[PDB]
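*Asks:* Below you'll find query39.cif; it's mmCIF, C-alpha atoms (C1' of nucleotides).
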```cif
data_entry
#
loop_
_atom_site.label_atom_id
_atom_site.label_comp_id
_atom_site.auth_asym_id
_atom_site.auth_seq_id
_atom_site.Cartn_x
_atom_site.Cartn_y
_atom_site.Cartn_z
CA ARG A 293 51.43 12.82 -33.29
CA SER A 294 52.61 10.66 -30.38
CA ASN A 295 56.16 10.09 -29.20
CA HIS A 296 55.73 6.33 -29.60
CA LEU A 297 55.01 6.58 -33.31
CA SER A 298 57.85 9.07 -33.79
CA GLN A 299 60.08 6.45 -32.16
CA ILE A 300 58.78 4.03 -34.79
CA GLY A 301 59.57 6.63 -37.46
CA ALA A 302 63.18 6.77 -36.33
CA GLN A 303 63.43 3.00 -35.90
CA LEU A 304 61.83 2.05 -39.26
CA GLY A 305 62.90 5.05 -41.35
CA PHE A 306 59.59 6.53 -42.43
CA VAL A 307 58.84 10.22 -41.92
CA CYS A 308 55.55 11.22 -40.33
CA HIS A 309 53.74 13.95 -42.30
CA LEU A 310 50.62 15.81 -41.13
CA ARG A 311 47.45 16.32 -43.16
CA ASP A 312 46.53 19.93 -43.86
CA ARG A 313 42.72 19.61 -43.98
CA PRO A 314 40.47 16.53 -44.07
CA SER A 315 40.02 16.63 -47.85
CA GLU A 316 43.71 15.94 -48.50
CA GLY A 317 43.15 12.68 -46.61
CA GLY A 318 40.60 11.55 -49.16
CA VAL A 319 42.62 8.51 -50.18
CA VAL A 320 41.77 7.12 -46.74
CA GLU A 321 38.62 9.11 -45.87
CA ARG A 322 36.79 7.68 -48.85
CA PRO A 323 37.47 3.96 -48.23
CA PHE A 324 35.46 4.35 -45.02
CA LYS A 325 32.53 5.44 -47.18
CA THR A 326 33.24 2.63 -49.64
CA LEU A 327 33.50 0.04 -46.83
CA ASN A 328 30.49 1.33 -44.91
CA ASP A 329 28.35 1.08 -48.06
CA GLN A 330 29.58 -2.28 -49.34
CA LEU A 331 29.96 -4.09 -46.00
CA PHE A 332 28.74 -2.67 -42.69
CA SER A 333 25.34 -1.63 -44.09
CA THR A 334 24.61 -5.32 -44.76
CA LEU A 335 25.45 -6.57 -41.26
CA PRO A 336 22.87 -7.08 -38.50
CA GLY A 337 24.16 -4.47 -36.06
CA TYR A 338 24.26 -1.62 -38.57
CA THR A 339 23.90 1.76 -36.88
CA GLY A 340 23.36 4.16 -39.79
CA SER A 341 25.49 7.07 -40.90
CA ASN A 342 24.18 9.47 -38.26
CA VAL A 343 22.06 9.79 -35.14
CA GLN A 344 19.42 11.39 -37.36
CA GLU A 345 19.42 8.22 -39.50
CA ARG A 346 20.08 5.72 -36.70
CA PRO A 347 17.91 2.60 -37.25
CA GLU A 348 16.27 1.60 -33.97
CA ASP A 349 16.79 -2.18 -34.33
CA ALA A 350 20.60 -1.99 -34.12
CA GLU A 351 20.83 -2.85 -30.41
CA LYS A 352 17.82 -5.16 -30.66
CA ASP A 353 19.56 -7.74 -32.86
CA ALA A 354 23.28 -7.06 -32.91
CA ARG A 355 24.64 -10.56 -33.35
CA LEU A 356 28.26 -10.64 -34.56
CA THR A 357 31.29 -10.90 -32.37
CA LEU A 358 34.57 -9.38 -33.44
CA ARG A 359 35.98 -12.82 -34.23
CA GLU A 360 33.31 -12.81 -36.94
CA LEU A 361 33.52 -9.13 -37.93
CA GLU A 362 37.25 -9.59 -38.38
CA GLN A 363 36.59 -12.51 -40.73
CA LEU A 364 33.97 -10.52 -42.67
CA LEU A 365 36.21 -7.47 -43.05
CA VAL A 366 39.32 -9.54 -43.86
CA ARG A 367 37.46 -11.59 -46.49
CA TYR A 368 36.02 -8.42 -48.03
CA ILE A 369 39.48 -6.87 -48.35
CA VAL A 370 41.44 -9.91 -49.50
CA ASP A 371 39.05 -11.64 -51.89
CA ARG A 372 37.26 -8.53 -53.21
CA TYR A 373 38.83 -5.16 -52.44
CA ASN A 374 42.38 -6.23 -53.28
CA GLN A 375 41.20 -7.47 -56.66
CA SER A 376 38.89 -4.49 -57.26
CA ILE A 377 39.89 -2.12 -60.06
CA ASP A 378 41.68 1.10 -59.13
CA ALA A 379 39.13 3.79 -59.85
CA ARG A 380 41.25 6.01 -62.13
CA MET A 381 43.65 3.51 -63.68
CA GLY A 382 41.20 0.91 -64.99
CA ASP A 383 44.06 -1.17 -66.37
CA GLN A 384 44.65 -3.21 -63.22
CA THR A 385 43.45 -4.23 -59.80
CA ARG A 386 44.40 -2.43 -56.62
CA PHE A 387 46.76 -5.31 -55.85
CA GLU A 388 48.76 -5.16 -59.09
CA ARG A 389 49.39 -1.41 -58.83
CA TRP A 390 51.12 -2.32 -55.56
"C1'" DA B 1 -20.28 -1.33 -92.54
"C1'" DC B 2 -17.19 -3.12 -90.15
"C1'" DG B 3 -13.75 -5.83 -88.85
"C1'" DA B 4 -10.93 -9.35 -90.03
"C1'" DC B 5 -6.20 -11.85 -92.49
"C1'" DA B 6 -0.87 -11.46 -92.44
"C1'" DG B 7 2.24 -7.97 -91.40
"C1'" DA B 8 4.02 -2.72 -90.15
"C1'" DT B 9 5.02 0.31 -86.66
"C1'" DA B 10 5.17 3.10 -82.23
"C1'" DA B 11 5.74 2.04 -78.28
"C1'" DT B 12 7.55 -0.92 -74.11
"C1'" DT B 13 11.46 -2.88 -71.62
"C1'" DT B 14 16.74 -4.48 -71.53
"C1'" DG B 15 21.12 -2.98 -71.44
"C1'" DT B 16 25.44 0.67 -72.10
"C1'" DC B 17 28.18 3.99 -70.33
"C1'" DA B 18 29.45 9.13 -69.45
"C1'" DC B 19 28.28 11.84 -65.78
"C1'" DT B 20 27.46 13.66 -60.90
"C1'" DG B 21 26.00 14.14 -56.13
"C1'" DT B 22 27.27 12.71 -52.04
"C1'" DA B 23 29.63 10.93 -47.78
"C1'" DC B 24 34.17 9.84 -45.96
"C1'" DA B 25 36.01 13.94 -42.62
"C1'" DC B 26 33.74 10.11 -36.00
"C1'" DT B 27 30.36 11.86 -32.97
"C1'" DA B 28 24.38 8.31 -29.15
"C1'" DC B 29 23.24 4.36 -26.29
"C1'" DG B 30 24.32 8.37 -22.73
"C1'" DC B 31 22.66 12.11 -19.02
"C1'" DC B 32 19.29 12.33 -15.60
"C1'" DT B 33 15.28 11.23 -12.77
"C1'" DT B 34 12.16 8.37 -10.00
"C1'" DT B 35 10.53 4.14 -7.57
"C1'" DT B 36 11.50 0.06 -4.71
"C1'" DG B 37 12.28 -4.32 -2.78
"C1'" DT B 38 16.33 -5.91 -0.06
"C1'" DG B 39 19.35 -5.14 3.64
"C1'" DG B 40 22.28 -3.21 8.53
"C1'" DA B 41 22.28 -1.54 12.22
"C1'" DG B 42 20.49 0.21 16.72
"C1'" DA B 43 17.18 2.36 20.18
"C1'" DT B 44 13.52 0.48 22.31
"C1'" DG B 45 10.08 -2.71 24.25
"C1'" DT B 46 9.15 -7.54 26.13
"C1'" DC B 47 8.59 -10.38 30.42
"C1'" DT B 48 10.28 -14.31 33.06
"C1'" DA B 49 12.28 -18.32 36.66
"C1'" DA B 50 15.00 -18.05 40.72
"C1'" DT B 51 17.60 -17.25 44.52
"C1'" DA B 52 16.72 -15.33 47.75
"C1'" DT B 53 14.28 -12.11 52.04
"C1'" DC B 54 11.64 -12.34 55.92
"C1'" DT B 55 8.41 -12.95 58.49
"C1'" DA B 56 5.19 -16.31 60.20
"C1'" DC B 57 3.58 -20.89 60.61
"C1'" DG B 58 3.17 -22.24 64.99
"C1'" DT B 59 5.75 -26.77 67.11
"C1'" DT B 60 9.11 -28.84 70.70
"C1'" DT B 61 11.49 -28.52 75.01
"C1'" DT B 62 12.20 -26.87 80.07
"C1'" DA B 63 11.64 -25.92 84.46
"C1'" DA B 64 8.89 -24.63 87.77
"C1'" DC B 65 5.86 -25.95 90.79
"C1'" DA B 66 1.27 -27.73 92.10
"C1'" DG B 67 -1.42 -31.30 93.33
"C1'" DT B 68 -1.96 -36.42 94.82
"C1'" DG B 69 -0.41 -40.03 97.84
"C1'" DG B 70 2.25 -42.85 101.69
"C1'" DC B 71 4.07 -42.57 106.03
"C1'" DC B 72 4.21 -41.00 110.83
"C1'" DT B 73 1.91 -45.68 117.48
"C1'" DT B 74 0.08 -44.60 122.01
"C1'" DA B 75 -0.52 -45.10 127.37
"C1'" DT B 76 1.40 -44.15 132.50
"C1'" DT B 77 4.57 -42.04 135.82
"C1'" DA B 78 8.60 -39.49 137.60
"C1'" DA B 79 11.74 -35.28 136.89
"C1'" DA B 80 13.29 -30.37 135.33
"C1'" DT B 81 11.51 -25.82 133.42
"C1'" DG B 82 7.73 -22.19 132.25
"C1'" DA B 83 2.97 -20.84 133.59
"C1'" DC B 84 -2.15 -20.92 135.54
"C1'" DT B 85 -5.57 -21.48 139.62
"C1'" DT B 86 -7.05 -21.74 144.67
"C1'" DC B 87 -6.42 -20.67 149.96
"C1'" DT B 88 -4.16 -17.76 153.86
"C1'" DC B 89 -2.29 -13.09 155.57
"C1'" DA B 90 -6.70 -12.75 164.23
"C1'" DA B 91 -6.58 -10.43 168.59
"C1'" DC B 92 -8.02 -10.04 173.19
"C1'" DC B 93 -7.86 -12.59 177.28
"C1'" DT B 94 -6.17 -15.98 180.95
"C1'" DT B 95 -2.61 -18.11 183.76
"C1'" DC B 96 1.61 -19.11 185.73
"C1'" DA B 97 5.63 -17.69 186.83
"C1'" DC B 98 9.69 -13.15 190.16
#
```
Could you write out this structure as structure tokens?
*Replies:*
Amino acid sequence: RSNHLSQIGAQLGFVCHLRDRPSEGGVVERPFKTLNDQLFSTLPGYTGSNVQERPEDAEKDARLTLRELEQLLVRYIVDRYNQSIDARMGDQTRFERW
DNA sequence: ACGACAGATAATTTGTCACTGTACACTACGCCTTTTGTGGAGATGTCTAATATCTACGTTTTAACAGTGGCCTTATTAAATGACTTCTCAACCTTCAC
């Protein structure tokens, strides 16, 4: 909702639209669930989905730096997620529907 | 009889795929307590050499004067002066002169 982004809206020509309730966001809410499950849960510093599920070893053996976590996340997107099938088309990857 | 040949047959697991329950909805390493060894003043206590003071130690110097020691010749006679001492301090009578 910032001024700065609205300045970008004017300068690049997109219109900012607000989400009504969180569910309408699901196209971006859900990929956090997808990416948590398929990536972060496998990495040493995993922290669980909630305080009530927080695994106590997370701060005992956190071992990545962000110059590695970037590479992990970028590889996951570009070599897998881009080529993954779009869940309700089936005909083509996520990349080819773009 | 039982059980013993090769093969039937009711399981057992392997693999498909329509279905659904769920998280994504950002929202723990952070709030609070206690101990604790290290550290900064800052009042207070510690305790000396030393440069005197502060008389005395007594020790020199003076002059005053006291005592020792040397020298100093001694006689006679005269004079002047001053003194001392001693002695003395009669009295009636006779005779011849105017």
*Asks:* Quick one, how far is CA of residue 343 in chain A from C1' of residue 30 in chain B?
*Replies:*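 We find that CA of residue 343 in chain A and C1' of residue 30 in chain B lie 12.7 Å from each other.
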*Asks:* For chain B, which residues have at least one atom within 8 Å of chain A, if we go by all atoms listed in the file? Write them as an NGL selection string, please.
*Replies:* :B and (23-25 or 28)
*Asks:* For CA of residue 310 in chain A and CA of residue 296 in chain A, determine how far apart the two atoms are, in Å to one decimal place.
*Replies:*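 For CA of residue 310 in chain A relative to CA of residue 296 in chain A, the distance reads 15.8 Å.
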*Asks:* Applied to this file, what does the PyMOL selection byres ((chain A and resi 339) around 12) return in terms of residues, put as a VMD selection string?
*Replies:* (chain A and resid 328 332 to 338 340 to 354) or (chain B and resid 28 to 29)
*Asks:* Write the residues of the preceding selection, restricted to C-alpha atoms (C1' of nucleotides), as a PDB file, keeping the file's coordinate frame.
*Replies:*
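Output contents, as saved in selection27.pdb:
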```
ATOM      1  CA  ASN A 328      30.490   1.330 -44.910  1.00  0.00           C
ATOM      2  CA  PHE A 332      28.740  -2.670 -42.690  1.00  0.00           C
ATOM      3  CA  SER A 333      25.340  -1.630 -44.090  1.00  0.00           C
ATOM      4  CA  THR A 334      24.610  -5.320 -44.760  1.00  0.00           C
ATOM      5  CA  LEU A 335      25.450  -6.570 -41.260  1.00  0.00           C
ATOM      6  CA  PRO A 336      22.870  -7.080 -38.500  1.00  0.00           C
ATOM      7  CA  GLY A 337      24.160  -4.470 -36.060  1.00  0.00           C
ATOM      8  CA  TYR A 338      24.260  -1.620 -38.570  1.00  0.00           C
ATOM      9  CA  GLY A 340      23.360   4.160 -39.790  1.00  0.00           C
ATOM     10  CA  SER A 341      25.490   7.070 -40.900  1.00  0.00           C
ATOM     11  CA  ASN A 342      24.180   9.470 -38.260  1.00  0.00           C
ATOM     12  CA  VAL A 343      22.060   9.790 -35.140  1.00  0.00           C
ATOM     13  CA  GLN A 344      19.420  11.390 -37.360  1.00  0.00           C
ATOM     14  CA  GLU A 345      19.420   8.220 -39.500  1.00  0.00           C
ATOM     15  CA  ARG A 346      20.080   5.720 -36.700  1.00  0.00           C
ATOM     16  CA  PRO A 347      17.910   2.600 -37.250  1.00  0.00           C
ATOM     17  CA  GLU A 348      16.270   1.600 -33.970  1.00  0.00           C
ATOM     18  CA  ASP A 349      16.790  -2.180 -34.330  1.00  0.00           C
ATOM     19  CA  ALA A 350      20.600  -1.990 -34.120  1.00  0.00           C
ATOM     20  CA  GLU A 351      20.830  -2.850 -30.410  1.00  0.00           C
ATOM     21  CA  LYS A 352      17.820  -5.160 -30.660  1.00  0.00           C
ATOM     22  CA  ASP A 353      19.560  -7.740 -32.860  1.00  0.00           C
ATOM     23  CA  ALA A 354      23.280  -7.060 -32.910  1.00  0.00           C
TER      24      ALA A 354
ATOM     25  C1'  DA B  28      24.380   8.310 -29.150  1.00  0.00           C
ATOM     26  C1'  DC B  29      23.240   4.360 -26.290  1.00  0.00           C
TER      27       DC B  29
END
```
*Asks:* Enter the distance from CA of residue 297 in chain A to CA of residue 309 in chain A, in Å, rounded to one decimal.
*Replies:* 11.7 Å
*Asks:* Mind checking which residues fall within 10 Å of range 361-369 of chain A, counting all atoms listed in the file, ignoring those fewer than 3 positions away in the same chain, and posting them as a PDB file with C-alpha atoms, in the frame of the given file?
*Replies:*
```
ATOM      1  CA  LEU A 327      33.500   0.040 -46.830  1.00  0.00           C
ATOM      2  CA  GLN A 330      29.580  -2.280 -49.340  1.00  0.00           C
ATOM      3  CA  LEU A 331      29.960  -4.090 -46.000  1.00  0.00           C
ATOM      4  CA  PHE A 332      28.740  -2.670 -42.690  1.00  0.00           C
ATOM      5  CA  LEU A 335      25.450  -6.570 -41.260  1.00  0.00           C
ATOM      6  CA  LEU A 356      28.260 -10.640 -34.560  1.00  0.00           C
ATOM      7  CA  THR A 357      31.290 -10.900 -32.370  1.00  0.00           C
ATOM      8  CA  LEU A 358      34.570  -9.380 -33.440  1.00  0.00           C
ATOM      9  CA  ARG A 372      37.260  -8.530 -53.210  1.00  0.00           C
ATOM     10  CA  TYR A 373      38.830  -5.160 -52.440  1.00  0.00           C
ATOM     11  CA  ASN A 374      42.380  -6.230 -53.280  1.00  0.00           C
ATOM     12  CA  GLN A 375      41.200  -7.470 -56.660  1.00  0.00           C
ATOM     13  CA  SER A 376      38.890  -4.490 -57.260  1.00  0.00           C
TER      14      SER A 376
END
```
*Asks:* Around all of range 13-22 of chain B's listed atoms, make the axis-aligned box with 5 Å on each side and tell me centre and edge lengths in Å to one decimal, as JSON.
*Replies:*
```
{"center_x": 20.5, "center_y": 4.8, "center_z": -62.1, "size_x": 28.0, "size_y": 28.6, "size_z": 30.1}
```
*Asks:* Would you mind putting back N, CA and C atoms on range 332-353 of chain A, then writing it out as a PDB file, keeping the file's coordinate frame?
*Replies:*
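Saved file part.pdb follows:
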```
ATOM      1  N   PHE A 332      29.393  -2.832 -43.986  1.00  0.00           N
ATOM      2  CA  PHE A 332      28.740  -2.670 -42.690  1.00  0.00           C
ATOM      3  C   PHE A 332      27.228  -2.514 -42.828  1.00  0.00           C
ATOM      4  N   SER A 333      26.773  -1.803 -43.859  1.00  0.00           N
ATOM      5  CA  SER A 333      25.340  -1.630 -44.090  1.00  0.00           C
ATOM      6  C   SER A 333      24.600  -2.945 -44.287  1.00  0.00           C
ATOM      7  N   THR A 334      25.288  -4.041 -44.571  1.00  0.00           N
ATOM      8  CA  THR A 334      24.610  -5.320 -44.760  1.00  0.00           C
ATOM      9  C   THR A 334      24.621  -6.187 -43.512  1.00  0.00           C
ATOM     10  N   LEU A 335      25.284  -5.769 -42.459  1.00  0.00           N
ATOM     11  CA  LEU A 335      25.450  -6.570 -41.260  1.00  0.00           C
ATOM     12  C   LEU A 335      24.393  -6.235 -40.209  1.00  0.00           C
ATOM     13  N   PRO A 336      24.009  -7.239 -39.413  1.00  0.00           N
ATOM     14  CA  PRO A 336      22.870  -7.080 -38.500  1.00  0.00           C
ATOM     15  C   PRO A 336      22.917  -5.845 -37.613  1.00  0.00           C
ATOM     16  N   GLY A 337      24.054  -5.575 -36.988  1.00  0.00           N
ATOM     17  CA  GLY A 337      24.160  -4.470 -36.060  1.00  0.00           C
ATOM     18  C   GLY A 337      24.331  -3.087 -36.646  1.00  0.00           C
ATOM     19  N   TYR A 338      24.003  -2.900 -37.920  1.00  0.00           N
ATOM     20  CA  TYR A 338      24.260  -1.620 -38.570  1.00  0.00           C
ATOM     21  C   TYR A 338      23.597  -0.484 -37.803  1.00  0.00           C
ATOM     22  N   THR A 339      24.260   0.669 -37.776  1.00  0.00           N
ATOM     23  CA  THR A 339      23.900   1.760 -36.880  1.00  0.00           C
ATOM     24  C   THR A 339      23.592   3.039 -37.636  1.00  0.00           C
ATOM     25  N   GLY A 340      23.606   2.996 -38.961  1.00  0.00           N
ATOM     26  CA  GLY A 340      23.360   4.160 -39.790  1.00  0.00           C
ATOM     27  C   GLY A 340      24.471   5.172 -39.776  1.00  0.00           C
ATOM     28  N   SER A 341      24.437   6.083 -40.740  1.00  0.00           N
ATOM     29  CA  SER A 341      25.490   7.070 -40.900  1.00  0.00           C
ATOM     30  C   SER A 341      25.401   8.223 -39.913  1.00  0.00           C
ATOM     31  N   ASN A 342      24.275   8.395 -39.232  1.00  0.00           N
ATOM     32  CA  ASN A 342      24.180   9.470 -38.260  1.00  0.00           C
ATOM     33  C   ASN A 342      23.087   9.132 -37.255  1.00  0.00           C
ATOM     34  N   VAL A 343      23.151   9.809 -36.108  1.00  0.00           N
ATOM     35  CA  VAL A 343      22.060   9.790 -35.140  1.00  0.00           C
ATOM     36  C   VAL A 343      20.717  10.039 -35.814  1.00  0.00           C
ATOM     37  N   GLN A 344      20.662  11.041 -36.689  1.00  0.00           N
ATOM     38  CA  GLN A 344      19.420  11.390 -37.360  1.00  0.00           C
ATOM     39  C   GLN A 344      18.972  10.330 -38.362  1.00  0.00           C
ATOM     40  N   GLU A 345      19.800   9.328 -38.633  1.00  0.00           N
ATOM     41  CA  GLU A 345      19.420   8.220 -39.500  1.00  0.00           C
ATOM     42  C   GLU A 345      19.540   6.890 -38.755  1.00  0.00           C
ATOM     43  N   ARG A 346      19.749   6.925 -37.447  1.00  0.00           N
ATOM     44  CA  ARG A 346      20.080   5.720 -36.700  1.00  0.00           C
ATOM     45  C   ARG A 346      18.905   4.749 -36.652  1.00  0.00           C
ATOM     46  N   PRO A 347      19.020   3.562 -37.251  1.00  0.00           N
ATOM     47  CA  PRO A 347      17.910   2.600 -37.250  1.00  0.00           C
ATOM     48  C   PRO A 347      17.770   1.901 -35.903  1.00  0.00           C
ATOM     49  N   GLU A 348      16.551   1.925 -35.362  1.00  0.00           N
ATOM     50  CA  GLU A 348      16.270   1.600 -33.970  1.00  0.00           C
ATOM     51  C   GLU A 348      16.439   0.128 -33.617  1.00  0.00           C
ATOM     52  N   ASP A 349      16.612  -0.753 -34.595  1.00  0.00           N
ATOM     53  CA  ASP A 349      16.790  -2.180 -34.330  1.00  0.00           C
ATOM     54  C   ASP A 349      18.234  -2.580 -34.071  1.00  0.00           C
ATOM     55  N   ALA A 350      19.179  -1.644 -34.156  1.00  0.00           N
ATOM     56  CA  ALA A 350      20.600  -1.990 -34.120  1.00  0.00           C
ATOM     57  C   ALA A 350      20.965  -2.748 -32.848  1.00  0.00           C
ATOM     58  N   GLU A 351      20.605  -2.195 -31.693  1.00  0.00           N
ATOM     59  CA  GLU A 351      20.830  -2.850 -30.410  1.00  0.00           C
ATOM     60  C   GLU A 351      19.800  -3.919 -30.084  1.00  0.00           C
ATOM     61  N   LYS A 352      18.762  -4.075 -30.895  1.00  0.00           N
ATOM     62  CA  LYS A 352      17.820  -5.160 -30.660  1.00  0.00           C
ATOM     63  C   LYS A 352      18.296  -6.490 -31.221  1.00  0.00           C
ATOM     64  N   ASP A 353      19.117  -6.482 -32.271  1.00  0.00           N
ATOM     65  CA  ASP A 353      19.560  -7.740 -32.860  1.00  0.00           C
ATOM     66  C   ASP A 353      20.997  -7.679 -33.380  1.00  0.00           C
TER      67      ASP A 353
END
```
